Structure formats: C-alpha cells, structure tokens
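*Asks:* Provided hereafter are the protein sequence and its experimental coordinates.
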Amino acid sequence: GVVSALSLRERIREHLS
Amino acid sequence: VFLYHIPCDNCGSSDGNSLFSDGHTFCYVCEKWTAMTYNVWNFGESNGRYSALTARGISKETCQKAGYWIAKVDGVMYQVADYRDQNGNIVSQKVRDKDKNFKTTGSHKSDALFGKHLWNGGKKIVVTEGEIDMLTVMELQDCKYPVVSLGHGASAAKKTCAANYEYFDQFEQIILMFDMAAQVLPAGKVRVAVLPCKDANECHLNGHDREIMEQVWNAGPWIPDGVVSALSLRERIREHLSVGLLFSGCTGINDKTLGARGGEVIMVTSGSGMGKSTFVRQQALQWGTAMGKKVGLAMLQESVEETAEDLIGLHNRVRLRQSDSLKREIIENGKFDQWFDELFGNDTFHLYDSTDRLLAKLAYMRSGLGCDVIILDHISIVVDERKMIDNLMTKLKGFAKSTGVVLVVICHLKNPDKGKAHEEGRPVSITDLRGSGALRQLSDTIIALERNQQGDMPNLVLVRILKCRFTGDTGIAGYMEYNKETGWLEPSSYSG
Amino acid sequence: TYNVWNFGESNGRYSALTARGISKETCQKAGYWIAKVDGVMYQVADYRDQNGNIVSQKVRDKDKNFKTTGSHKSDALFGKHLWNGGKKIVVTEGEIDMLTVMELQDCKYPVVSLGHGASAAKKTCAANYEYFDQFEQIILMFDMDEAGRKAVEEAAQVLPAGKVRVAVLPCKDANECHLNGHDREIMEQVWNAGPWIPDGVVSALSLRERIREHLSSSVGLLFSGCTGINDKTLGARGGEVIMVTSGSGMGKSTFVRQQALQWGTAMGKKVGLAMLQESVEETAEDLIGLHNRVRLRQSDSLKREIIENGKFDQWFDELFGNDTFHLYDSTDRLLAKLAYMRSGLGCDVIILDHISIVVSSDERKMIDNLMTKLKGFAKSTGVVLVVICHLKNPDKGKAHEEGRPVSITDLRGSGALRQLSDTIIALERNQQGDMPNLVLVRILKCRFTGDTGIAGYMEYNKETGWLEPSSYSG
Amino acid sequence: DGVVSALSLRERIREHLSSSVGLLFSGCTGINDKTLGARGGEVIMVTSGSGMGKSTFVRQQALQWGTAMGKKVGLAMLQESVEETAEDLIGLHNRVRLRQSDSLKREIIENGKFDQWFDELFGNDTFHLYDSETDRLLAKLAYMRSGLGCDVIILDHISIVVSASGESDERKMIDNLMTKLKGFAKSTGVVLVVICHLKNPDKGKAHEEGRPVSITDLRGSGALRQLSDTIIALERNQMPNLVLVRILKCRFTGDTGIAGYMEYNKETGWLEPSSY
RNA sequence: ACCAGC
Ligand SMILES: Cc1cn([C@H]2C[C@H](O)[C@@H](COP(=O)(O)OP(=O)(O)OP(=O)(O)O)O2)c(=O)[nH]c1=O
Ligand SMILES: Cc1cn([C@H]2C[C@H](O)[C@@H](COP(=O)(O)OP(=O)(O)OP(=O)(O)O)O2)c(=O)[nH]c1=O
Ligand SMILES: [Mg+2]
Ligand SMILES: [Mg+2]
Ligand SMILES: [Zn+2]
C-alpha cells in the first residue's frame, strides 16, 4: 500500500492528461 | 556391581571372566557377555538400525542409550526419537526427515521430556531446547551425567516445565541452555549460562566445545527481567553521547527549541484552513532534499499525485495548481522530467496512499525503508471519541520510543464560544486541543500558527511555541511573511 | 470405571500394613482391602452409605495413581457408616490417619475420614452440614503443611461454631508420629487441643510487644529544595503513597528527579525508578548532568568536550560507585517486577511515572483495581511509593498552565485516586506571566499532619537546573 | 411455617420492650437530639470527602463507647494495619499526639510509662481488632458476634471490599453485600457502623471546600441509602477546623438537617463542641 | 587383557 515517489514518472502527466 | 572373578569358558582363562550381582558375566579376554496416526511404530518392522550420525558427529552408543534410531521404511530415511515414562515403556515417538515432516505418533503428552527414564538421583541437570545439542552434551560427557531436553521446544516452556515440578525438585541445581525464560522452577536454584555461538552444536563443529564445558560447571545466576543496575551503564551512555534538526523557514525557532531529537513528538496546529499543510510541506521539502535525511509523508488530505505536484511546483518557486497554461507549457517542451530527476534522484521522499493497519505500515516504513522523519496529517478520519484518540496517541508514543524517529503530527482546534474567533487573530491557549486532553500530555513540542486573513496583513503569520520539554522557552517566536506568487513564506522582521 | 469390584472376583484378602504400622484387625474392621488383578496388587478402599450400602470404590496402584469406579458422590465419607452418634469426633485428612487413630484408641472414639482431601474439602463439608448437627465436639486433624493449614482454615467456615477444635502435630500427620513413637503426645492433642482462634482476629493484649516494636522503629525522609514542605509533612515513612501533580509540562519529572538525586547521593537510600516517559539513557544523562550542576543534553559542545579529556569516568565513578540506583526498562507483570525490585534487591524508595499509559474497556474499574493493588503492595511492606499523575480539562475559566490555582478534584480518570493517596502535592507556575521560574507548592491532602494549602516558594534556575528555596512573598 | 398470628404474640411483645435502647453519641448534643443514640440492629453510615476526618470521629466514638460503657467492640480497620490503629487510641486517651511526635516515643520507652498506658485502657477485653475477598469477612464478623460476643461492629473503608474483587458488574455485588449485611444485622441484632465515601460533583465547589452534600452523592450504587437507617455527613472547609454534622436520613426519628458544630484540637485530638 | 600404586 506504500508507494515511493520514484514510481511517479508516468503518473503525474497521466493525471494532467 | 562387580563382585569377583570366575574362570572363563570361551577364552579358557583363569581370572578373565567377572561375575556381577545382576547375574551376568563378562570376560575381558574373549569379550563375551552373558545373562493422526495414533500408532507406535515397531522397531523391527520398520527396519530399525542404530546408525551413527556422520554429518554432525554422534557415536553409536549414545544413540543406543538414548533411543534415537533410523528407519528405512518406504525407501526413505526417518530419524525416530522415543519418549518414555518412569516405568520404562515407550510412550510416544517423533519422526524427523530432510523436509522436517513433524509426524508425532502415539500419545504425546504435554509434559513429555527426553532422557528421564534413567535418571532420578543426582546434583546437576542440563536442560536444552532441541535433541542434537542434548546428544552433543552426552557425547562430551560420555553419557554419564543427568541431561534432559524439552519435548515441545522453547515456545511452550510455560506448559511442559510447569507440569513437571517434583521431578526437577529432586535435584540441587538446574542449569538452562535455551537461547544463546521459565520462572515456574523454585528460586535460588536455577542457573543460566551463555555460549559464544548459536548453540552447543556450533561449538562442537567449530572447536569451541571447551566453552560448552566451562559454562556447564561454572554457570551464571538467574537475573530475571530487565531490572538493570547502575553498573551496566558504562558503554551505553558513552554510545548515546555520540543532534537537533534545524527548523528551516525561521531562525527564531531554533534559538529556543534546539531542534528535534530521536523519539521526538512535534504537534502542528492552527485554525480552520490557516495553512498547516503548506508549512509542514515546506519543512518536509527543506528537510528531505537539502539535509540527506529520508522522510516519510502520510498526507491524508490530498492524493499522492497532488502532493507530488505541490512539491514539484514549490521547489521550482512557481504556483502549479493555479494556472492551466503553466501546466500545459511545461509538458510541451520537455522540462517536466528535468524537475523530476534532480529532485527524485536521491529518493529521500516516500509518500503514502490511503486503524491498526496504519501502525504496521509505519513500522514497515521505519524499519524496512530506513527513514528518520515521519509526518502524519488529518487525524480526524482516524478518530466514543476519547478512548480511541488516547489509545492512538499511546501507540504512537510507544512507536516513537526506543526507535530514533521524529514524529510530526498535524491536528486541529475546537470551536470557541465567546469573544473573537481564531480567524480574526485570537491568541490560542494550550487547552484548545480538541478530541481529548492527553494530546498535550504526550507531545513534546507544540507549534501553533496565528494569522488574520481579514485584518491589515492577510499574509503575516505568527509562530507560538506552547510546550517545550527540552529548554522551557514558550511564547512568540517571530513573524513570517507569506508569498502569494511563489508559495515560499519568508522570515520577516515585523515588530509589534 | 467399570463396576464396584467384589473381593471374590478380584481375589480380596485382608492383611496388615508393615511399612505404615497397621495390623490386619483395623483393615478388617474398616474395609480397606487388596485386589489381585492384572498381576499387580492393587490397594482399594470401600465407601458405604448411612444404611451400609456399598456405593463407591477408591482404587490406588503401586505407583501412586488414582482410579475412581464411577460416580463419586459429594457426601462420601470414609468411616461414616460405622458410627451414628457420639460426643467427640476426629476428622482426618487422609485415609491412613483414620486407621492410625483406630489403632491407637482400640475402636472407641467415632473417627471418620474425608472423601475429597484438601482440594475440595469445603464442598464436602458444606454438603455434610446435617450430619454434624448430631455431635457435640469436632476435632479437626489435618496435615502440617501449607495446604493443610489452608484446608483447616477455609473448611472450618461451613461448620457449626463452638464445636470445632484444632490439634497440632510435630510430624507431617499422625502416622509418622506413630512410626517415630510419639504415641503419648498425640493423645494429649486428642484430649486437649486448641480452639478456633487463629482465623485472623487478634486479642487486645497480645499486641503489647509488637506495638513496642513499631514504637522502636519509621523515620521520614527529608525533602530538599524547600524547608516549608517538611514543616507540614514530616518526611515520608513506610507504607506512604505520595501523589504528585501539576499541569502539562510544569516540572513534575524535574522535581521528582531532583528529589531522587538528593535522596540518593546524600542519604545512601536504594532508589528504584520506573520512568516510562523516556528511556534509560536520557534519564541517566540527566542525572549525570544534574549532579555536576550543568545541563548535559542541552549542550552538544560540552558533550563533545567531556568525552575527549576523559573526565566522564570521573563523573561516572562518583555517582555509580556504590550502585545505589536501579533503573527500569520499558500490566500485571509490572507489579511482579516491582516486587522483585523491593524484595530481591532491597530498595527503600520506589518511584513511578505517568500512570495514564498503564491504565491505557472501562478505565474507572481498571484504575481502581490498579490503585487497590498498589495500596496492597505498599501495605505490609514499608516502602515509600511516589506516583506522578496529570490533570483534566476545566470547563470554564483560564487554563491550568497559566497560573490558575488547582483544586483537589481536578485529578483525571476517576475519584478513587485521592481516596487512597496519602499526601497529594500540586505544583503551580505561570509560563506566560511575569516570572516563569517561580513555583508554588500546594498540599491538597495530608492524612498524617493535616496541614493543607500553600507550603512555600522556590525559584527555578535555567542554567544549572537546580531550583533553590526563594524568599518571595505573595 | 412462618404464618405467625398476631394473637399468640402477647408475651413476645411484652418481653421485647423489656430489654434495647441506649448507647448515646458524643461530641454534640443535636446528634443525641435527632438520633437518640445507636441501637441494636441499625445501620449507621458516616460520610465525608477525602481526608476530612471521617476516621478520627469514628475512633473517638469507639473510645467513648469502649471506655464509658465497657461494651465489647469489634473493629475492622482496612485503612491501616493493627500496629497503628491501636497506637493512636493511647495518644487519644492521654490527650497527646503519640504518632505525630518522635520525641515522646523514646521518652515513653525509657520511662516505662507505655506499660502503664497500655494497662490503664486495655485491662478489659472490650477491643477486638482485625487485619487484612468478601465471603470470609462476614464469617469473621459472625465469629465476633457469636464467639467473641461483640456489641458494636465497625467496618472501616468499604471502598476496598467491593473493588478488590474481580467482578463484571460491581453494583449487583454491592447490592448482594448490602442485603446480606442487613440480614446479618437483623438476625444478630448488633450495632453496626459502616464507613463509605462520596463521588465527584459535576460542577461547583469541592467537598473539601465547603460544598453542601446531597443524598445522591454516594459513590457506587443507590442501595446505600435505601438499606440503611442513619446517615451522618461531616463537612468543613480548608476557619480550617469548623466542622458541622448533617443528619441526612433518620428512620427512627424525623428531625434531619444541621445538627451542630464541632472544633478540632491540634494538641489533644478530641472533637470539642462548638458554639458558633 | 590393560592401567596405577607399593
Ligand atoms: C519548573 C520549570 C521547568 N522548566 C523546564 C525544565 C523542564 O525540564 C521542562 C519540562 O520538563 P518536565 O520537568 O519533564 O515536565 P513535567 O514532568 O511536569 O511534564 P511532562 O514531562 O509530562 O511534559 O520545563 C522551566 O523552564 N522553568 C521552570 O520554572
Ligand atoms: C477533622 C480534621 C482533621 N484534621 C487532620 C487530622 C488528620 O491528620 C487528618 C484527617 O484525619 P483522618 O481521619 O485520618 O482522615 P480521613 O479518615 O477522612 O481520610 P480517608 O478517607 O482517606 O480514610 O487531618 C485537621 O487538621 N482538622 C480537622 O478539622
Ligand atoms: Mg515529565
Ligand atoms: Mg481515614
Ligand atoms: Zn573369556
């Protein structure tokens, strides 16, 4: 359930899309 | 017992054969001796052989005198051990193989031991937790001294050792070799010795078996629990002497707080929406990537991506969530990953995605990932509303104790009744913490934020220290000015 | 298990007892016989009803094991069928004792035996209350063990009063005194025994020496920092629970630690701490820094300095040379650890801290049971017990930390804390007022002297940590 | 059966009023005017706050009942041990502070006057003490009534005989203990004094500050005022020595309310009658 | 049969 900040490379731009 | 000598018949000697009181004779020359499953396995049916163990080292006579025999049934190899009674009959068996298939056949009692069917009188006794170490002590002592072993392990010592009391009462001194704690035995009698290896088998296989036998005859006292005398604090204090983390954003805080320590509870409060998340986010961003410490956040208000966008827009001194064209421009030119890599190359930040399930995740974050500062936000969803919050604060104080972690907790305030509200600039008191009255009893540092959004300066804030155990300096720390264009609030020099 | 074993089908035979000293006549009269089944000779006892109907067997083997033949009744007494009246009975614990008394009296006095032993004697004596009404004197004859004293104490409660008399024996019970030749000393215990006195009540004249012993004992430990406190407290004696309270972070632990240091380095008293707020190393460094009149943890440069020049051992040996201090490492197990700290180590002062985690269902019954257990532990021990507690939230008015005078009914959690604590001391200071280093001591409750109110004033030092007796006038 | 007709009862009613009445109190006159002394088979319940002197008054009444009348008195002090509750009565007889003076202890050891102080009061067998479950205590009291032959039974500090046992619901245990003690006092016909405590008020002042007590301020249950005969409350303020007595319930008489005023002595320990 | 003696 704990996700580190390194794996948010293709998630922030997916949220902004 | 020996009586006298008779002339032998096999060797034909005169004084070679010896007669005993038991009726048997023995010659020293010719070497001739005269005279679940619920099924106990027969010895001759399952091909019982007294083979000596080779890979660890146990003689054949010890396996004969102990009853630890190898079965060759069904083409595989089993090591059956036998548990007996005081009468001299087989009570139960234990089957062990390479996969450790624990197939305990027969009536396995709750007070089953090993090696008690031969020994009733004596002075010393050695109790072990396994069977290989017990046979190893029998190898070192040539199978002549009283040594027993538990038949259920060191996990259920409160049942096996408690049921057998009069058997251990017959001796003078009881020596334990469990782990390198059962108080049901009488006091002033039980000794516990310490070996420099894992068990006796490692000292046997690594030449330290002398350190077995030096600890048997010279074992140490009981020493029940963690009652620590003052003599045993020579090196722990010297290790503890060989640190306050600096509060970024204002220099007036560190002049009277001297930072935070290992096992330090910091509480952050203000009015309804006065910017607790922004201030704690600024402290997290200035502590994570600028000091080399690993920080674990647990922001429960927003999601993971939204606080990631906050952090990215904060560090680049812009306002990301306040313009759509600014979000659109940074992705069309490839500068988005440049903000990503220079901030997340060190991986000091760890976010949390969303009540006892939280404490295991905090333990997995602290022990596993190895962080130093853990931040919790929005306590209202987690928390009758008096017993739960007190139990939660007690569990977090116990988690922060003896770990070395800085625990930051964001809380709220209650609604006032008379006078002016908190949004107009009311000086907050210490007893305004809602939910309970124990939140100011376990917290070690309490910081309150005060600002007036409808007054003269809607971007001037005040920091108020309410509780400090380290120094004892509480009150107004200073003033800071908030930026409506970059988000970074700066230390000001406003005077009253 | 199966049925009542007949002597014909089990080869019954009445013989004597050489190893215990009983002839065959007594076992012939009673009915304790020997069966030859399955090779091993089994001993077996017979039970009868009031009329004489055989109802139960007790089968015992060669290796001290028990075997019941079926439903063992609660009114089963060994020897009840033979006697139906009399003025003086003797109740024995086991079964060989009754045969021994029959041997030494030539079958004259009505002597019976129990059917349960010392484990369930109260039930079988409550279920046999109607049988003991037709008698005139009852002589209890039990073992000279702790279980025997427990049986003769608790089983003599459901018996009629004025007819119960207890005899004593120098052996375990009467049979070894029969074997050791003490046949004359047991008959005087049958004829003239001691009545049902030692239940727990005492006489008004038997205390005359012991009140003298307490008169020759019980000196109060003088407090430090203020001489106005000792003028209305007169120290702390054995069995004294002292409660300390103030607001949140007002100086409870600092004052208690200073009191502990002044009792340690100046009186030689063995002090046991149970500090649960912080661990062992922090309070150890606080004691070391406070003895040297500095603030040890509040100076990183001083901690770096004193470890280089080697003067840390000069401060360690002067404190922990005699090992007068004994610390604790962090619910019912705490009582056992404090019992081992008192009895096994030999301390005189026991200090706890922050009782709210210890009481962390309904908290009121838990804190009442906890205070009852600590009061019972302080009773009959002779130890000073210092307990630190906190306060609750006031409804209206100002806060407790802002210099508000605190009342005795502000102790949180329950009202049972002030009902058992002897001396309650509250601390008052105002951190937001004029002087945040001037404190006030308030005696809220005092069972011994009875003088309550403001004791004195002390001034706190921000540099050395030693608060001093001031001379302020309110 | 228990169907006793009223006609065959003339001799029992004639002998019932022949035996009793008496055992006057001490300290105040209004207590004797409103309660008319303590009688056999009654339940006297003395209430106060915390450390308000609820034990000193009962020990002073016990001294006046054991000295001036010679009645056999059985005490059950669970607040302190028997080494102290028999010590303070000597100082109360000799008008000094025996426990509160280290200098007088060595003086009565050396001069041997402690032997004379023990002989001048304990020459008779009128004091039966006890030191420390709930089932064996009533057996001790039955032994004191039947075997020892006591007249006044004092049960101090009831709050540790209903809380020291492991029970799910305490109130039914309090009810059972209260009705069994009432049945014991009815069957034996003995003077019985039982000391309890009060609870926390919801607002206002404290009971140690001059709060007027209510009858619903009893802590633990509501059977303490429904199965008792006389309820006596003590109140003072901390004039730190002006204590007043309130009769909250009297089943025999009807006059309740304020009985009077007493003053505490700091040199002798007696409770002198005040004037106000 | 072996080991030790004194
Ligand atoms: C009495 C006093 C203490 N102090 C400082 C020194 C103390 O170490 C610090 C408070 O630490 P503590 O003494 O530990 O406070 P506490 O025991 O009353 O309560 P808690 O631990 O639960 O918070 O306050 C002052 O600055 N001025 C003062 O006058
Ligand atoms: C009544 C009274 C007592 N005192 C003193 C005498 C004693 O030292 C102390 C109270 O005496 P105690 O009778 O021992 O107090 P208590 O019985 O009410 O306490 P608890 O409920 O916990 O058992 O206060 C006064 O100073 N002035 C007074 O008016
Ligand atoms: Mg503290
Ligand atoms: Mg009292
Ligand atoms: Zn031969």
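*Replies:* That came through fine. Numbering: from 1, shown residues only, chains lettered A, B, ... in the order given. Ligands and ions are numbered 1, 2, ... in the order given.

*Asks:* Could you pull up phi and psi at the nearest residue to residue A:16 once chain neighbours are set aside?
*Replies:* Sequence neighbours aside, residue B:327 is the residue nearest to residue A:16 in space, at 5.8 Å (criterion: C-beta to C-beta, 6 or more residues apart in numbering or on different chains). C-beta here means a position set from N, CA and C on the backbone, and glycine is covered the same way. Note on residue B:327: backbone dihedrals following degrees, to the nearest 10 are phi -70, psi -30.

*Asks:* Which residues of chain A lie near ligand 5?
*Replies:* Counting by C-beta under 5 Å from the ion, no residue of chain A lies close to ligand 5.

*Asks:* Of all residues in chain A, which one is nearest the centre?
*Replies:* Nearest residue to the geometric centre of chain A (C-alpha atoms, centre = their mean): residue A:8, 2.5 Å.

*Asks:* hang on, it packs against residue B:309?
*Replies:* No - if you go by C-beta atoms under 8 Å, residue A:8 and residue B:309 don't touch, sitting 9.6 Å apart.

*Asks:* Name the residue of chain A that lies nearest to chain D.
*Replies:* Residue nearest to chain D within chain A (C-beta to the nearest C-beta): residue A:1, separated by 39.3 Å.

*Asks:* Tell me if I'm right that that residue and residue B:353 touch.
*Replies:* Yes - using C-beta under 8 Å, residue A:1 is in contact with residue B:353, at 5.9 Å.

*Asks:* before we move on, back to that, quickly note the distance from the residue nearest to residue A:16 to ligand 5.
*Replies:* Distance of residue B:327 to ligand 5, computed by C-beta to the ion, to the nearest Å: 105 Å.

*Asks:* surely that residue meets residue B:319?
*Replies:* No - contact criterion C-beta under 8 Å: residue B:327 and residue B:319 do not qualify, at 10.4 Å.

*Asks:* still on that earlier bit, who are the contact partners of the residue nearest to the centre of chain A?
*Replies:* Residue A:8 is in contact with B:304, B:305, B:308, B:344, counting by C-beta atoms under 8 Å, 6 or more residues apart in numbering or on different chains.

*Asks:* same deal with residue A:3?
*Replies:* Residue A:3 neighbours (C-beta under 8 Å, 6+ apart): B:304, B:351, B:353.

*Asks:* 10 Å - rerun?
*Replies:* A:11, B:304, B:350, B:351, B:352, B:353 (C-beta atoms under 10 Å, 6 or more residues apart in numbering or on different chains).

*Asks:* Repeat that for residue A:4.
*Replies:* Going by C-beta under 10 Å, 6+ apart, the list of residues near residue A:4 reads B:296, B:304, B:344, B:347, B:349, B:350, B:351, B:352, B:365, B:369.

*Asks:* possible to save those as JSON lines with secondary structure?
*Replies:* Output for the contacts of residue A:4, formatted as JSON lines (DSSP: H, G, I helix; E, B strand; the rest coil):
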{"residue": "B:296", "secondary structure": "strand"}
{"residue": "B:304", "secondary structure": "helix"}
{"residue": "B:344", "secondary structure": "helix"}
{"residue": "B:347", "secondary structure": "coil"}
{"residue": "B:349", "secondary structure": "strand"}
{"residue": "B:350", "secondary structure": "strand"}
{"residue": "B:351", "secondary structure": "coil"}
{"residue": "B:352", "secondary structure": "coil"}
{"residue": "B:365", "secondary structure": "helix"}
{"residue": "B:369", "secondary structure": "helix"}
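
*Asks:* And those, which two are furthest apart?
*Replies:* By the measure C-beta to C-beta, B:344 and B:365 form the most distant pair in those, at 17.2 Å.

*Asks:* Please work out which residue of chain A is closest to RNA strand E.
*Replies:* Nearest to RNA strand E, among the residues of chain A, is residue A:2, at 72.7 Å (C-beta to the nearest atom of the strand).

*Asks:* count of neighbours near that residue?
*Replies:* Neighbours of residue A:2 under the rule other C-beta atoms under 10 Å in any protein chain shown: 15.

*Asks:* residues in contact with it?
*Replies:* B:296, B:298, B:350, B:351, B:352, B:353, B:361, B:362, B:364, B:365, B:368, B:369.

*Asks:* mind checking how far the last one is from ligand 5?
*Replies:* Counting by C-beta to the ion, the gap between residue B:369 and ligand 5 amounts to 76 Å.

*Asks:* And for the first one?
*Replies:* Taking C-beta to the ion as the measure, residue B:296 falls 82 Å from ligand 5.

*Asks:* Name the residues linked to that residue by a beta bridge.
*Replies:* With DSSP bridges as the criterion, residue B:296 is bridged to residue B:350, residue B:374.

*Asks:* one step back: residue contacts, the residue of chain A closest to chain D?
*Replies:* B:352, B:353, B:354, B:357, B:358, B:360, B:361, B:364 are the contacts of residue A:1 under C-beta under 10 Å, 6+ apart.

*Asks:* which one of the residues you listed is nearest ligand 2?
*Replies:* residue B:358 (43.9 Å; C-beta to the nearest ligand atom).

*Asks:* May I ask which helix or strand encompasses the closest one?
*Replies:* Secondary structure from DSSP states H and E places residue B:358 in helix B:357-363.

*Asks:* Write out the residues of chain A neighbouring ligand 1.
*Replies:* By C-beta under 6 Å from any ligand atom, no residue of chain A approaches ligand 1.

*Asks:* For chain A, list the residues in contact with ligand 4, please.
*Replies:* Close to ligand 4, as judged by C-beta under 5 Å from the ion, chain A has no residues.

*Asks:* Spell out which residues of chain A are next to ligand 2.
*Replies:* Counting by C-beta under 6 Å from any ligand atom, no residue of chain A is near ligand 2.

*Asks:* All good on my end, thank you.
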